[PDB]
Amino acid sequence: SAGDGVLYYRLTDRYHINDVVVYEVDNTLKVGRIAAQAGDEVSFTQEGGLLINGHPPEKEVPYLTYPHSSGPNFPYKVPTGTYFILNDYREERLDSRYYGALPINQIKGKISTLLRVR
């Protein structure tokens, strides 16, 4: 039946690494995770491993991560006030691997919970 169509907001102080966000690139609203923040250096191994400040993150064990051929040069320094976003399905490479890190106005908010039909 008809819902009221009201998406609520809750104000928060800051985002965290690993948060699931709604992000906007090319006027497209997508979902991904914050992988790095201002000042971080993002790099790749040839074996598909993400490196952040020269360390392989513990939470990156599950992911096989390849660059986009037209994205930024790497190693990549995340600018002030921006967030480096990665899709959890890493073979959809049109995240910060193509766009670079995103300014905060392009982060629409964090998803803490999804409601889901069984």
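Note that residue numbering follows the sequence shown and begins at 1.
Colleague: Can you tell me whether 33 to 41 has a higher mean C-alpha B factor than 50 to 58 in this record, or the other way round?
Modeller: On average, C-alpha B-factors are higher across 50 to 58.
Colleague: Averaging CA B factors per stretch from the PDB record, which one is higher: 59 to 67 or 85 to 93?
Modeller: The stretch with the larger mean CA B-factor is 59 to 67.
Colleague: Among the choices 25, 101, 21, 104, identify the one whose CA B-factor in the record is greatest.
Modeller: Top of the list by C-alpha B-factor: 104.
Colleague: Would you please rank residue 110 by its C-alpha temperature factor against the other modelled residues of its chain and give the third it falls in: lowest, middle or highest?
Modeller: Lowest third - that is where residue 110 ends up once the chain's C-alpha B-factors are sorted.
Colleague: Consider only the C-alpha atoms of the modelled residues in this chain, order them by B-factor as the entry records it, and name the third containing residue 2: lowest, middle or highest.
Modeller: Ranked within chain, residue 2 CA B lands in the highest tercile.
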